[PDB]
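What follows is a single chain, given as structure tokens, in the form deposited without the partner chain.
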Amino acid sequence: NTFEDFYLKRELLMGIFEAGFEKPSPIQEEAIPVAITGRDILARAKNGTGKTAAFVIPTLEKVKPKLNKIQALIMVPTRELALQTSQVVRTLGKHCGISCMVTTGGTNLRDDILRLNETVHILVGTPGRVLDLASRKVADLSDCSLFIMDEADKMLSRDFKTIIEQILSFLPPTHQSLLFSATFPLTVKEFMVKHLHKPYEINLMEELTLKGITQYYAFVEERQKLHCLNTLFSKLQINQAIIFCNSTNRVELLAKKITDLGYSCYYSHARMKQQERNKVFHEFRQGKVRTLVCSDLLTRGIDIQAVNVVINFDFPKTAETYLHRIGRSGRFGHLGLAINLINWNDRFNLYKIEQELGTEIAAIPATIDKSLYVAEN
């Protein structure tokens, strides 16, 4: 339940806890052990899920302060992401005795060259600039056995992909590569096959499945939504449930209302600090409460096994969002229930999402068969 579990350097744990980090995000929890193993990683990651610390923590663990060489290279497409990355490195690694340098475009090349006169353990930078410094022989990447790409798709388009390959020529032939990307077009997939060794893959499916999820809709007006939900919860045999709303404020308001009715729940939304969201994920997965009200998931689709009922309190506008809410990546035998609260204004999107996803969302029956969503799990 804590970063202490990962058996990390005392000094690294100090920086983690002093930075207000406590419980890892799903991507951090999965990626950290894998990176410590020495595996290559290819990970679909979205923003606001703590992907930066997922690679920075293993980097700080592996890097040896006593060796006066660049041991990790973190590639990023923009200066803004370089600065966000170095902030995490210097915060989490406050007590580690490790030195980080940023090198990007839109800065004085001269100042980066003289900085390299002094010790750099972790180099964070953009393709053009990093290649520039490597080719001039100012940045010595001969011991740089850890290679990281953050937003790999942006740096693996046709006008950047050759630059990345040229940078890899300066690394030791044997290196670990951790790549994180939101999308996986042809050029990205080609690079991965060529330049990763049997990578551990996180969330790479591409299209979530609705198989085993029986989907219904209850026609309601806005004022009925709470009472419809209340009625359903009194009748359904819920293990755990997740309820989606379309705004962070509606998340909070609904959570308050059901709490007042006496339902055990947490809420989680995108305006919360990352670390507060991680806390909810862990305690909800532990089964400390029955219900999670949220605006979205930290994970890609629900992967809490005990959730057998999912409610769209507000119906989404697009098929993409519907699928991300109701679809899943693994456990293909799983059976669950999804109920959509549909007002008059959702009528078009209802038909549109059914069509685009090639799925059925039938009118909710008076009684729902338990075989559709209750197992001996």
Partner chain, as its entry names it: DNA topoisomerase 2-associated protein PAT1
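Numbering follows the first chain given and starts at 1.
Asks: On mean Cα temperature factor in this entry, is 117 to 125 or 226 to 234 the higher one?
Replies: According to the entry, 117 to 125 carries the higher average C-alpha B-factor.
Asks: Mean CA B-factor: is it higher for 46 to 54 or for 25 to 33?
Replies: Between 46 to 54 and 25 to 33, it is 46 to 54.
Asks: At the C-alpha atoms, which of 252, 296, 283, 303 reaches the highest B-factor in this entry?
Replies: Top of the list by C-alpha B-factor: 303.
Asks: Per the PDB entry, which option out of 176, 259, 240, 169 has the greatest Cα B factor?
Replies: Max CA B-factor in the entry, restricted to 176, 259, 240, 169: 169.
Asks: Which third of the chain holds residue 201 when residues are ordered by C-alpha B factor: lowest, middle or highest?
Replies: Lowest third of the chain for residue 201's C-alpha B-factor.
Asks: Sorting by Cα B-factor within the chain, modelled residues only, which third would residue 317 end up in: lowest, middle or highest?
Replies: According to the entry, residue 317 has a C-alpha B-factor in the chain's middle third.
Asks: Compared with the other modelled residues in the chain, in which third is the CA B-factor of residue 38?
Replies: CA B-factor rank for residue 38: lowest third.
Asks: Test of reading the entry: by CA B factor among the chain's modelled residues, which third contains residue 309?
Replies: As the PDB entry reports it, the C-alpha B-factor of residue 309 lands in the lowest third of its chain.
Asks: So where's residue 329 on the chain's Cα temperature factor ranking, which third?
Replies: For residue 329, whose C-alpha B-factor we compare with every modelled residue in the chain, the answer is the highest third.
Although not depicted, the form solved in complex with the partner chain is the subject of the following passage.
Asks: Under a 4.5 angstroms heavy atom criterion, identify the one residue in 182, 289, 205, 261 near the partner chain in the deposited complex.
Replies: If I apply the 4.5 Å criterion carefully, the residue I get is 261.
Asks: Heavy atom within 4.5 Å of the partner chain in the deposited complex: which of 144, 100, 232, 242?
Replies: Of 144, 100, 232, 242, the residue with a heavy atom within 4.5 Å of the partner chain in the deposited complex is 232.
Asks: Would you classify residue 223 as touching the partner chain in the deposited complex, given a 4.5 Å non-hydrogen atom cut-off?
Replies: Yes.
Asks: Quick one: does residue 30 come within 4.5 Å of the partner chain in the deposited complex, counting heavy atoms only?
Replies: Looking in the deposited complex, residue contacts with the partner chain do not include residue 30, since no heavy atom lies within 4.5 Å.
Asks: Do residue 246 and the partner chain come within 4.5 Å of each other in the deposited complex, heavy atoms counted?
Replies: Residue-level check for residue 246: yes, a contact with the partner chain.
Asks: Closest heavy atom of residue 365 to the partner chain in the deposited complex, within 4.5 Å or not?
Replies: Although the partner chain is absent here, residue 365 would touch it in the deposited complex, with heavy atoms inside 4.5 Å.
Asks: Can you pick the stretch from 134 to 142, 72 to 80, 159 to 167, 248 to 256 whose heavy atoms fall within 4.5 Å of the partner chain in the deposited complex?
Replies: Among the candidates, contact is made by 248 to 256.
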